[PDB]
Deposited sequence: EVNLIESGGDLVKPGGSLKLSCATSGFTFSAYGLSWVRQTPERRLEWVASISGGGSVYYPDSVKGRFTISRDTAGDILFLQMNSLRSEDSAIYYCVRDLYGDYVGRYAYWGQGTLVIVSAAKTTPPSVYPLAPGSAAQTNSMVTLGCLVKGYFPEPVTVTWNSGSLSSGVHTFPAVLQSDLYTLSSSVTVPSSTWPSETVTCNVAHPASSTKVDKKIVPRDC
């Protein structure tokens, strides 16, 4: 099957450089229009760069001279090298492939993408706080981190019914999100409920038991 697995997303400083990758499989690599498209935080899609089956490269005026798309034909890896990055370059970057063959403007297969953040702000791990008071709602508050993302689970997914994780929101250069879970009230606190917060940008994993007041 047609796989597209982007990697290389990161936080970078204004003016810095990043290399994105796309390990492809399940199709003849050299035979396809392969492109990067990005999604801005305002939810605009913008075409970023294309490479034809035959090696011809194309760019929008706004990235030329700074961005380079290329292929490792031995290993099926599609790359996007990005130099001299600006705040405006912050986005989810998607790897994409044509439907049938050598045509670089029809995005029929998309990768899950890879977050790129261009900012001078400093990586900060999150403080994770329990929110305790026939179903009960417990929560945790993940406060003061940068950059995105954090991922939040409850009892390692054992709970997944009735979770709500809200978009983080930025304030004075740090992010905060909240997460809520509902459990049958005849189980808690006798049965433990932990929120597992992860923030790879700062190698953090933390397991916060939600303990009653």
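Residues of the deposited sequence missing from the coordinate set occupy positions 134 to 140, 221 to 222.
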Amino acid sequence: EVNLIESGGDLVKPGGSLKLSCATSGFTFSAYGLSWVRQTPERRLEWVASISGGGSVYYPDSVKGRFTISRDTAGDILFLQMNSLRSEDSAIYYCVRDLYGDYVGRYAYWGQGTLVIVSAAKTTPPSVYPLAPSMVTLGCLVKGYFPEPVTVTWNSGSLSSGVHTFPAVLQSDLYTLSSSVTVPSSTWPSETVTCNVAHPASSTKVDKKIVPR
From here on, numbers count along this sequence of modelled residues.
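On average the C-alpha atoms of 65 to 73 have higher B-factors than those of the other stretch, with 65 to 73 and 30 to 38 being the two compared.
A summary of the deposited B-factors shows that, of 93 to 101 and 124 to 132, the stretch with the larger mean C-alpha value is 124 to 132. Between the residues 170, 177, 48, 181, the entry's highest C-alpha temperature factor is the one at 170. For residue 153, the recorded CA B-factor ranks within the middle third of the chain. Only modelled residues enter the ranking.
Among the modelled residues of its chain, residue 4 has a C-alpha B-factor that falls in the lowest third according to the deposited record.
For residue 165, the recorded CA temperature factor ranks within the lowest third of the chain's modelled residues. Annotation for residue 198: C-alpha temperature factor in the middle third relative to the rest of the modelled chain, per the entry. Residue 81 sits in the middle third of its chain by CA B factor, as recorded in the PDB entry.
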